[PDB]
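Scroll down for the structure; my scribbles are underneath it.
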Amino acid sequence: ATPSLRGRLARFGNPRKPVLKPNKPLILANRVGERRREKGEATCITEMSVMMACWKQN
Amino acid sequence: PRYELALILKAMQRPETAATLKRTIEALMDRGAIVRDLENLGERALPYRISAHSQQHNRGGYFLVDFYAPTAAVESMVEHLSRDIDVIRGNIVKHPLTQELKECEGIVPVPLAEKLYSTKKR
Amino acid sequence: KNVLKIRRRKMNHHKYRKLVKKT
Amino acid sequence: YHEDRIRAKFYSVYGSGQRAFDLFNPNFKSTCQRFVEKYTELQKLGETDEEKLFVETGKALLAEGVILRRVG
Amino acid sequence: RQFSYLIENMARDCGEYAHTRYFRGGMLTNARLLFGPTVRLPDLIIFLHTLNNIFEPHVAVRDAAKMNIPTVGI
Amino acid sequence: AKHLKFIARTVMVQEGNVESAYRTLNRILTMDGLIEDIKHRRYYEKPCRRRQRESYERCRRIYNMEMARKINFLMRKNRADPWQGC
Amino acid sequence: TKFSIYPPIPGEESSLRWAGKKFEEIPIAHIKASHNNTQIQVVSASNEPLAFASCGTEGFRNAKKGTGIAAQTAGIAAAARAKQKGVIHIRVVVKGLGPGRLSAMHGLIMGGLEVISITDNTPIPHXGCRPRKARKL
Amino acid sequence: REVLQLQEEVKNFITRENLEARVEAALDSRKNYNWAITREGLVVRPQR
Amino acid sequence: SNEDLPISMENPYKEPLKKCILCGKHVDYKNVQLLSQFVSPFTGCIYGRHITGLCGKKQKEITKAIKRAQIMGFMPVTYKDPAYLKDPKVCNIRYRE
RNA sequence: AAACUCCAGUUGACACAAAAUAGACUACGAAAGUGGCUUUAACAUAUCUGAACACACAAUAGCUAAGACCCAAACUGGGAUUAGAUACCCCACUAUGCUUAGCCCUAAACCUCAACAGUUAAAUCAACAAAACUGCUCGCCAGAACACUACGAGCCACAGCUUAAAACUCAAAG
Ligand code: FES
């Protein structure tokens, strides 16, 4: 669906307390977020440990 | 008013369950209860291990006591079941059939809320 | 809104409490 | 329009027939309005009952030769 | 854009004019600078579509009013 | 726990595919909220902070679900331009 | 037949045997993946200790214990000791979201054991003891 | 009509006379409250 | 005036109002089978209404009945009773896809 | 690092502590506040407004006894960092958070937007914020700063709270 927005913000008609307190108006922007690059992680740590273990034995 | 006693017993043999059930039904009567019916839900395995009266229980017989009693009889019967060592767990609730379910009209999907912000150019 | 007017009362109150403690 | 009640009922009982609407022809009549016309014409006689009238209309349109499915 | 060719043809056939393209700012309010000091502006503007391609009033509707040019509009 | 063991949060390994099992386990825990709850339960989140975070996440879901609905609604119009040139 | 991801119900009859032993009878590998350490203890189906290994027991110290490579060696060390006592198939019960949660499992299979099931047992209070205050970082 | 309906039910209430009798009879029955439902809203009751 | 003008009616094409599967059915804490349908097989977590597809009334009733059935020794808490892992799936949740 | 090593890891037994999921719900209460289960009792007013000479309440923190002790924790002590570090980081532990019986009466107690009755018509409309308004009533305000201050008075409050100025100073403050 989308969660309701009826009687959720502090407005004059609204008798109850605000449920939501948005920092920025809940209004769609005309852009979308930039694709964030995936953080890198060390690679081939398993194969490295296999190699480093043989070194210690030999 | 009408109540229900959700009675988990100690998975005993017929003489002992019959003995235990008779105790409970009399103790209700002794406190002014009009016992309406007794139901056997069967001996199941407990959803989880219940420790009661210095024993670890894994199975138990499930029973229901439909009865009418004065409102003051509830506290007294609750305390009575505390001291019965053949009851694994006993809870008294308002009878679920006393409440009449209101007719429902249907799910009405929520329209998107409007006029939350002024129509000014930001 | 900034808190420049709270900060004046903040220091006033702090100094006053320290003054009462000293005396 | 009052005919809309009849259209709704026909769509609920029988639904949109295999007949494909031709919205280009300004005088196109669908099996629905065909059904409606019969219903409306039989009402001119003086029948004030829907149950009896509907059973008649459904079979009076079958006398003309129609493809209907009452269960779905 | 579905009818830009039709409207451009129709304008040529009746010996009149068409602007079915991106409307550059100031064509009407700044015509003596965009065309030349002696240019003659339209005496009538026919809008066959009054909304631009973001579903808002075409800028020329307002600019025609500023220049005191009557407009016809669908 | 008083409950039975090897029933909750338990996934069977198929054909020794450990990586795929642990992956499905992770999904279950995440899809039910357990992962995020454990992380937030490391330090005490004060009631004022919890309410500020729940409001932020709920304002976020609305916006995210409304943008996703507008993207999905307009996806049909990404097709090739039919009046190319005019 | 459809492979079931749900573990065999103990009471119900089952055909799944891995070394002639029923699901109930397969030893268990308990993995404690802490933020700073990983501990692996293999027990028999009757709760008899068979092998234990942690990142500290393998020589890693201080922050080096809180790594995947340190958690993996502990899995290999535990597997070596568990195979000496006759362990082949193990049920895995992981507890915590530390760095060596999956690396320890890698060390176990890399050490020759065969995982038949994965179970998570991270403690989640329902509501319980108040955790420590937030860090000002 | 309520009092009428109520008057009929009281004939089967557990009194001290029909106590052991009713306890033995209850120990032989097994009332089930378990029924499942489907995506179309149809009660599926376990057959025995 | 004229008879061909729109008649002030109510919408005859209005569809029947969607009711939830549990509409009109008594939810009971003793009916663990029904209650189990609405919890996670793996964690025993209660599903939200966006998964169960329930209305406000019946989500609350199911929620309240589960919390009662659990503490009264009828329904397990940390998982779904293995006896009910074959009940009709009614929840809009997929763990494999 | 210090710390622990009567310590960790499976398993069993075991709260006077706190209440995952549900909750994408938006309900109850005068506000404060209220989200584990059960039961009992129970959520004022058939016009409205209205007590800063009154009453009854009022988060957190504190105070007075008397208990409880899992965890969290001002203070404090160690470890670390640093030019110093009376902090931020680590460990430990206390008041305190809980119960009971009395106090204390304060919060950015703010959704900084009063109650009641209405209107989206006009000219909406300084800016921003949560669009502009009408009737009616009460409560509040009238440059900044001195000042959540001093005096006086009341208060179970004695480093308290509530009421609350002036002189000198400024040409701004906002
Ligand atoms: S739609 Fe009727 S109970 Fe939910």
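Order of the sequence lines sets the chain letters (A, B, ...), proteins ahead of strands, with each chain counted from 1. Quick note: numbers below take in every heavy atom, side chains included, and nothing from hydrogens, waters or symmetry partners.
- Among residues at least two apart or in separate chains, there is no salt bridge (charged side-chain N to carboxylate O under 4.0 Å, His left out) pair with a member in residues 71-87 of chain G.
- Backbone-only engagement by G:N47 is indicated by non-hydrogen atom pairs under 4.0 Å involving sugar-phosphate atoms exclusively.
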Sugar-phosphate means primed atoms, P, OP1 and OP2; the rest is base. With that split, encode nucleotides 39-45 of chain J 5' to 3' as B, S or - using protein heavy atoms under 4.0 Å.
-> SSS----
5' to 3', nucleotides 136-141 of chain J under a 4.0 Å protein heavy-atom cut-off (B base, S sugar-phosphate only, - none) gives ------
Produce the list of close N/O pairs, under 3.5 Å, pairing protein atoms with atoms of nucleotides 110-116 of chain J; give distances to one decimal.
{"from": "J:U112", "atom 1": "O4", "to": "C:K1", "atom 2": "NZ", "distance (Å)": "2.3"}

Per-nucleotide protein contact string for nucleotides 154-174 of chain J (B base, S sugar-phosphate only, - none; heavy atom under 4.0 Å) = -----BSS------------S
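- Stacking between J:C69 and J:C70 is absent, since the six-membered rings do not have centres under 5.5 Å apart together with planes under 30°.
- Applying the side chain to side chain donor-acceptor pair (under 3.5 Å) test to G:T57 and every residue at least two apart in sequence or in another chain returns nothing.
- Scored by the side chain to side chain donor-acceptor pair (under 3.5 Å) test, I:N92 finds H:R39 as partners (sequence neighbours excluded).
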Kindly express the pairing pattern of RNA chain J in dot-bracket notation, using | wherever a base pairs with another strand and counting only Watson-Crick or G-U pairs under 3.5 Å.
-> ........................(.((....)))..........................((((((...(....((((.........))))....)))))))..........(.(((.(..........).))).).....((.......((((....)))).....))....
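- Residues passing the side chain to side chain donor-acceptor pair (under 3.5 Å) test with F:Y63: none are found, sequence neighbours excluded.
- Partners of C:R8 by side chain to side chain donor-acceptor pair (under 3.5 Å), not counting sequence neighbours: none found.
- Checked by atom type, the side-chain pair B:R2/B:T98 shows no donor-acceptor distance below 3.5 Å.
- Contacts classified as ring-ring contact (aromatic ring centres under 6.0 Å, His included) and involving residues 29-59 of chain I (residues at least two apart or in different chains) are given here: G:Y6-I:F42, I:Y29-I:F74, I:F42-I:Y95.
- Residues of residues 26-38 of chain G that place a heavy atom closer than 4.0 Å to RNA chain J, in numerical order, are G:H30, G:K32.
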